[PDB]
Amino acid sequence: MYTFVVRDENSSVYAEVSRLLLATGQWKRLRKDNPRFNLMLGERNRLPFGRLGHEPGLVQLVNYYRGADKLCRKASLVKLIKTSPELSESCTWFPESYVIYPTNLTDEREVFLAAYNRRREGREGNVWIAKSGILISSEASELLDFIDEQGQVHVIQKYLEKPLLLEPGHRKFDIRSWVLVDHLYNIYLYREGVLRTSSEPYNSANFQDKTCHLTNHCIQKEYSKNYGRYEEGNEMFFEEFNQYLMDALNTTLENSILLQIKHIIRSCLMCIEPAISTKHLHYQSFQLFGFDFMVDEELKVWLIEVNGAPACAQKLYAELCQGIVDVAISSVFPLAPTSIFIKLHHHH
Amino acid sequence: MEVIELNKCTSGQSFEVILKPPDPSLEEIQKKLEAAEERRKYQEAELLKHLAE
Amino acid sequence: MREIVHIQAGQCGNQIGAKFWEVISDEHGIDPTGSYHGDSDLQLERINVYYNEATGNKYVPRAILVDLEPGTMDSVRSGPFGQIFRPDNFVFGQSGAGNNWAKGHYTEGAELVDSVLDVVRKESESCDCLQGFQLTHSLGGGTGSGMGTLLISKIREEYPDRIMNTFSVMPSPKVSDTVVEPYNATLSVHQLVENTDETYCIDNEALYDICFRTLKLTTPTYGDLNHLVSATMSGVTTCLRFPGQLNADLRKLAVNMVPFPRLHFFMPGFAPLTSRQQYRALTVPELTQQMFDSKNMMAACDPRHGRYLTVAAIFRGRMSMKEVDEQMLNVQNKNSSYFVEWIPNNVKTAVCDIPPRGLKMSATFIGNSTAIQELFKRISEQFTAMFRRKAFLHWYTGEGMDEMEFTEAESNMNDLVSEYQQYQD
Amino acid sequence: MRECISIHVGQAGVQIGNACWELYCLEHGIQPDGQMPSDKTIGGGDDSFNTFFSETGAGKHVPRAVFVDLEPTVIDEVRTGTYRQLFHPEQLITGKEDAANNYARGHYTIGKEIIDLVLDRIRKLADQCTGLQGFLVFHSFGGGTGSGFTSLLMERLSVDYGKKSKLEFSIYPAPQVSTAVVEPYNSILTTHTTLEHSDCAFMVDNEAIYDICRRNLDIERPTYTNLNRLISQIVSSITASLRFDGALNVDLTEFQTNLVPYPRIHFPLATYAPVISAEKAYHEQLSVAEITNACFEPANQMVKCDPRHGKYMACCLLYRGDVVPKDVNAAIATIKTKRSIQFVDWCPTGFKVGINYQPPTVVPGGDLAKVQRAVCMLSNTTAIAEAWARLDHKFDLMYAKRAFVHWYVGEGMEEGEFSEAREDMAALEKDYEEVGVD
Ligand SMILES: Nc1nc2c(ncn2[C@@H]2O[C@H](COP(=O)(O)OP(=O)(O)OP(=O)(O)O)[C@@H](O)[C@H]2O)c(=O)[nH]1
Ligand SMILES: Nc1ncnc2c1ncn2[C@@H]1O[C@H](COP(=O)(O)OP(=O)(O)CP(=O)(O)O)[C@@H](O)[C@H]1O
Ligand SMILES: Nc1nc2c(ncn2[C@@H]2O[C@H](COP(=O)(O)OP(=O)(O)O)[C@@H](O)[C@H]2O)c(=O)[nH]1
Ligand SMILES: CC(=O)N[C@@H]1CNc2ccccc2C1
Ligand SMILES: [Ca+2]
Ligand SMILES: [Ca+2]
Ligand SMILES: [Ca+2]
Ligand SMILES: [Mg+2]
Ligand SMILES: [Mg+2]
Ligand SMILES: [Mg+2]
């Protein structure tokens, strides 16, 4: 009889995983403070990793990789990419980014202005985006002044001015990929992705109205007037998207986009493996990751950010959550296909 | 990767590698000991007082 | 040299104490005449804990036999090992106590108590470093209950910093001699709450159920009940009588078992308990499953009705110490809802190489569980069923007691029940 | 030459002390009768091994050690054991009844009545020293004597020997080989009162030693003898610089200079490799890079924690056996390119390396196999704060209910000393966090 605790009640993903575990009749839930557990569905912030793996006779496992915040933080990611030789500053799939601390607090202010002034003189497109409350502008004076008005670290990266626009509609979008890394640091990519599309036509002559520029599911469902017009919930799945790429562009999702996505996932996760691997550790870790990509009109894929506690699409909750139990939990705590994942082999 | 202060002798050697540059007095202790000895005495007296009743 | 002084009082106390010395004397290779004839040095390593060494290599139990009637102690002196006890350590009167707590505590017992303390003082003066005392007695009678707790009160007055330990037989209507047993038990329990560090609660109904249902004894006798107590007393004292690090002495045992001074009443248990299919080998998992099973417990309290504050387990015999840790950790990790979560690692396990007589291996269980409140609830309800009509009180007011003393003992036990209740939530 | 005096307190301290001095004797060629055929100066000398051994006119080499226990059963083993001849009776001090795993009982009740006797026996050893460096104090956290009496002894030692260094070897409590529920209380009580009196403390977590014995030595159920012989190898590697010719950590003061830049953060992490089973057919001898690389594996640390998520303030490499500086630097380079070694910005990123050519000595009939080279890494990592967090958590669980507190108040301790000690640990955890996290 395996035992687990739940320390993040807001997690929709692991609320289902906990629902499935109990359904097997072989897992038992304990109070969130009972140390005698096999599996911890831990909190998001300040997870006490130092208390794991010190219970005699219990193989303990947790759904978070200590140190993965280096990849799932805006500022941390930019630093990781610029400082890690495995990724290099010349990394071609990540937008030119800079970490900017507000003046009320190293900092890449002057380095950003140098590249900014270079684009301005070269007649090139010089539209940047600041985030950490988002601002899209083509004037460096507005981007910096907006960050000074705040009090947290921000990042300024190049705004993909030539995104791939779906038709009909002429609308932006982004791609979410769920990736599961198990205790053995196998990188599993969920076969099912989701495109969070904008229901408003993309407009390059007005970054003030950010409804057609930001593809967030919450912004399209609150400030957009065409929500749910083209696809249910501004969510197009891979089957539809692949068929589109064939009818319009005469190519496949696998060839034009998915190869780059798998390459980016491997590069990011293999880079930090020596720092977060639990191979020789007194406890074991696994973690679900949410990768967000951008596709430009050249069919080039760009990495936007990595989410450490992602949510799943309503239609894909059952399949993925069950897949989490199979490869992540039962692999360490077996019970008494055609896998839904895609193993990205690599050298450990 | 620099090696400095190499000291060699018959039974070994030592050196240094640099990869990158950068109370209560005796009186007060007796008081604490006697203060705790006093709290024990008071507790035992209350116990004996209780047993005398 | 951490000597323990043993005291047995009243009929029940002397008959159970006699069997206790019978069992452990056999384990240490001591024959009825006090001569050693074992074959393992582990028998004498800690022998002086319970025995004095006389001339001629004679080992004399450090025990004091107390009663207000001669009868039972004449039987002990004529019993199997009756000749092994120091003759001067028989202290007895002639009046008896008529199952009357007041007679044992205030009148008949008061006249005899000083002479018992003289023998206790004598045994202590010859102890290199006295650990403390252990008393065997019942609570439903008059001598063991009333004079027994009077002895404890006066021993704690003369040895205030020594550990006081008792094996206390709790009365049950199903195995009862008189209707006044709840009166005598309620008066004693308050004494024990105040003046003992550890009390092993033994319920006669539990001993009866075990003999009848588990051991398949059609008509259990007091003798059969005392067989269980003997085996249990031998198990819980193995930590003291043989070399070991856990629960080595009485004070360390209390320090790990008693998180609150008044909650020091334990549920003991023993395994195996087999009827006569008695030669079958018992695996470690089976030993552990049964040892925690309510049917193997002798306080007649369901552990599933409370939570364990602390637990001490003693495994005896050549067995897989690794396999013991696995099953112990398995029981805790399979029922962690019955263990308080605010005392980390509150389940301790000790091993002993020498098994009991006639067994390849066994396990003795010592639990400090809030379920023990059920035992004091039963006694309290029986007390109140009679006290509300002042039934049978004249036996006690005739000895100079007042009704007020009963009302206070009643409230004292209900406070104890309430104290257990706050820690069960 | 400057003498060092070793003090062993409680069962853990005494049994570990017995295993260390057994190893010391085998390392220096000292026989159980105290004789040392290789010492050509009879009845005296100022050699490196004389920091730990005095000499009589008869040629006996006597440890500069005191054993203290509030109960005699453990120290009686020493009085009748193999090396009974080494010590004279003044060095072995035993009371009648122990502290019952009760810090207050060891510190106040029993400690008050035997402390002056212990200081008098230490003073006798000090009077034989022409230039005493300080003291090495061995004790457990969980025991009533190791916790309670040790802290009292340290307070007095700071009073009688103000300018003398004091190092600790402390045994961190692990339930797998523990039977006392109150050891978190004792651990935190003795850390609070000892913190200002200890210049450098090497914590050994029994949990770690236990698993190294099961994993590397293939011992299904390790005993204290197994644990202690492994611990004495690590202790030996740490004290070798004081007992042999050398230039690194030549006196107790250098331990603080090289390992403790901030006084309260004086708990270095020890990592040791290789630990090879003697029952093995015959193991492939590991290289300098392989044993060095193992110093950054959690599996061979004396305290289970993850240095990848802390910051280093200092790092010492102590090699024994066939090792030349060339190989050490080569391995260090290869490790910086693969490992996550983050130093605090106000400390240089480097390693102090000591090499003793004599390979580790193994006790005949022990569990460890003879190895051609071994290393012990001493690093001051903020990651060791995980052990304070674990410990302070268990403390909070029991103290919220005042469980077992009456045992301490009953021995004369005030309840407010609990919260006072806990607040000091909370401040200690804060110190580590300010130094390691961003
Ligand atoms: N590594 C190791 N740990 C030990 C040894 N002996 C005891 N311990 C640990 O020390 C703790 C118990 O404290 P002890 O040293 O035995 O107690 P004490 O110092 O003698 O103090 P008292 O309570 O008076 O007995 C537990 O965590 C034990 O696991 C030993 O020989 N080696
Ligand atoms: N450099 C860039 N070029 C073009 N679009 C960008 C961009 N950076 C961000 N975006 C837009 O912003 C949206 C994602 O913003 P971001 O992910 O940084 O905020 P967020 O983290 O709060 C949303 P989530 O974490 O759920 O993916 C995408 O829809 C994308 O269209
Ligand atoms: N287990 C057991 N219980 C007994 C025995 N004799 C009496 N009792 C119980 O003890 C109580 C009577 O006390 P008893 O010892 O006979 O009176 P005392 O001589 O005045 O102490 C009743 O609850 C009896 O059931 C015995 O031999 N074994
Ligand atoms: C509980 C109690 O005291 N019962 C009495 C004991 N002694 C006695 C003597 C003579 C006649 C009756 C009795 C009954
Ligand atoms: Ca009379
Ligand atoms: Ca000499
Ligand atoms: Ca000092
Ligand atoms: Mg985000
Ligand atoms: Mg009777
Ligand atoms: Mg001890």
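First the proteins, then the strands, lettered A, B, ... as listed; each starts at 1. What you see below is based on every heavy atom in this structure, not just the backbone, and it leaves out hydrogens, waters and symmetry mates.
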> Could you tell me which non-hydrogen atom of A:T3 sits nearest to which non-hydrogen atom of C:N333, and how far apart they are?
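Looking at all heavy atoms of both residues, the shortest contact is CG2-O, 3.8 Å.
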
> Would you give the length of the straight line joining atom CG of C:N335 to atom CZ of A:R36, rounded to the nearest 0.5 angstrom?
11.5 Å

> Is the count of non-hydrogen atoms from other residues, nucleotides or ligands lying under 6.0 Å from A:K32 atom NZ greater than 12?
yes

> Is A:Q314 atom CD crowded by more than 12 heavy atoms from other residues, nucleotides or ligands, each under 6.0 Å away?
no

> Other residues, nucleotides and ligands only: do more than 12 of their heavy atoms fall within 6.0 Å of NZ on A:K79?
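Incorrect, the count does not exceed 12.
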
> Nearest 0.5 Å please: distance from the CG atom of C:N330 over to the CE atom of A:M1.
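Output value for this atom pair is 10.5 Å.
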
> Determine whether A:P56 and C:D325 make a side-chain contact, defined as any pair of heavy atoms from C-beta on separated by less than 4.5 Å.
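No. Closest side-chain heavy atoms not under 4.5 Å.
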
> Answer yes or no: are there more than 12 heavy-atom neighbours, outside A:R191 itself, under 6.0 Å from its atom CZ?
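Above 12, so yes.
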
> Specify which of C:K334, C:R307, C:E326 makes the most heavy-atom pairs with chain A at under 4.5 Å.
C:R307

> Highest number of heavy-atom pairs under 4.5 Å with chain C: which of A:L58, A:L30, A:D33?
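When all of A:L58, A:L30, A:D33 are compared, A:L58 has the most.
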
> Would a 4.5 Å heavy-atom cut-off, applied to side chains only, mark A:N34 and C:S336 as touching?
yes

> Looking at A:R44, I'd like to know if its CZ atom is crowded, meaning that more than 12 non-hydrogen atoms belonging to other residues, nucleotides or ligands lie closer than 6.0 Å.
yes

